[PDB]
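Below: the structure, in structure tokens.
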Amino acid sequence: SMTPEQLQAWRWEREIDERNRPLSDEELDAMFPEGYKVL
Amino acid sequence: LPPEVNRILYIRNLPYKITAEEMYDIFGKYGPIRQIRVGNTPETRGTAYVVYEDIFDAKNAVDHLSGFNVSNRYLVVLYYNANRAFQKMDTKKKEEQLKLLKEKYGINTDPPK
Ligand SMILES: Nc1ncnc2[nH]cnc12
Numbered sequence: 377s378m379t380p381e382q383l384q385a386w387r388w389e390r391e392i393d394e395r396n397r398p399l400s401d402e403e404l405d406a407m408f409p410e411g412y413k414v415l
Numbered sequence: 013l014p015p016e017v018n019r020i021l022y023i024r025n026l027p028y029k030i031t032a033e034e035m036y037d038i039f040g041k042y043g044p045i046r047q048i049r050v051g052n053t054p055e056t057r058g059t060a061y062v063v064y065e066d067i068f069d070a071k072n073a074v075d076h077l078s079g080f081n082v083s084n085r086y087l088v089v090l091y092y093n094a095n096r097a098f099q100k101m102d103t104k105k106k107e108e109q110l111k112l113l114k115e116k117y118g119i120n121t122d123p124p125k
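First to last, the sequence lines map onto chains P and A.
Its first residue numbered 377, the first sequence is counted upward by one per residue in the authors' numbering.
Its first residue numbered 13, the second sequence is counted upward by one per residue in the authors' numbering.
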């Protein structure tokens with residue numbers, strides 16, 4: 377059974393996965409103010 | 013990696029005449045680029061948003077490109093911050109934009125650290 381340390385590694389992996397999920401074009405567009413051109 | 017790390021990088025002190033290919037050469041060196049938005053108004057020119065597909069590439073670009081020399085000019089490379097991003101709105105309309113983003117997508121709406 378995972379030790380406290382292995383749990384913390386497992387937790388970082390989960391947190392890191394949530395921060396590296398693919399974004400819709402709709403989500404992405406919502407992030408930005410006016411005056412920018414998509415290349 | 014610290015909470016402020018983000019796949020969206022906000023760039024300042026960007027030359028006005030830099031091309032789409034130059035932008036992809038500079039930033040693409042660090043990993044697959046999701047998209048790039050270049051400022052093209054009086055208030056936004058000289059600035060850009062650079063999005064990575066992967067967060068560890070974005071971290072790597074920050075570590076390496078802050079103060080990067082392109083055409084006698086040193087880039088400022090910062091992690092996206094939604095508060096910052098919507099500065100140029102008025103009190104009431106900003107608060108609603110940030111509310112929308114936190115509610116619909118769960119992004120942090122606090123000012124930088
Ligand atoms: N860190 C930042 N992220 C997004 N837009 C910005 N405008 C100014 N600072 C910013």
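Each residue gets a CB set at the ideal place from its N, CA and C atoms; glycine is no exception.
To the nearest angstrom, report how far apart residue i and residue j are at their CA atoms.
i, j, result
"residue 126 (chain A)", "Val50 (chain A)", "Past the edges of chain A, shown from 13 to 125, lies residue 126 (chain A), and the structure says nothing about it."
"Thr31 (chain A)", "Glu391 (chain P)", "36 Å"
"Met407 (chain P)", "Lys105 (chain A)", "15 Å"
"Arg85 (chain A)", "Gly79 (chain A)", "8 Å"
Could you pull out every residue in the same chain whose Cβ sits closer than 7 Å to the Cβ of residue i, ignoring the five residues on either side in sequence?
i, result
"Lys29 (chain A)", "none"
"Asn81 (chain A)", "none"
Between which residues of its own chain and residue i is the CB-CB distance below 6 Å, once the five residues before and five after are set aside?
i, result
"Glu65 (chain A)", "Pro44, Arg46"
"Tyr92 (chain A)", "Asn18, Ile20, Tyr22"
Just reading off the beta strand (DSSP E) that residue i is part of, what are its end residues?
i, result
"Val62 (chain A)", "60-64"
"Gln47 (chain A)", "45-51"
Given that residue i touches chain A, what residues does it touch there, using C-beta distances under 9 Å?
i, result
"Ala385 (chain P)", "Within 9 Å Cβ-Cβ: nothing; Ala385 (chain P) doesn't reach chain A, min ~14 Å."
Assuming residue i and residue j form a contact by the criterion Cβ under 8 Å, report the distance between their Cβ atoms to the nearest whole angstrom.
i, j, result
"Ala94 (chain A)", "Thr121 (chain A)", "5 Å"
"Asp69 (chain A)", "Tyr42 (chain A)", "5 Å"
Along chain P, which residues have their Cβ under 8 Å away from the Cβ of residue i?
i, result
"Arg49 (chain A)", "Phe408, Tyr412, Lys413, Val414, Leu415"
In terms of residues, what are the limits of the alpha helix (DSSP H) holding residue i?
i, result
"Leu77 (chain A)", "67-77"
Chain A partners of residue i, CB-CB under 7 Å?
i, result
"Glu403 (chain P)", "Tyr117"
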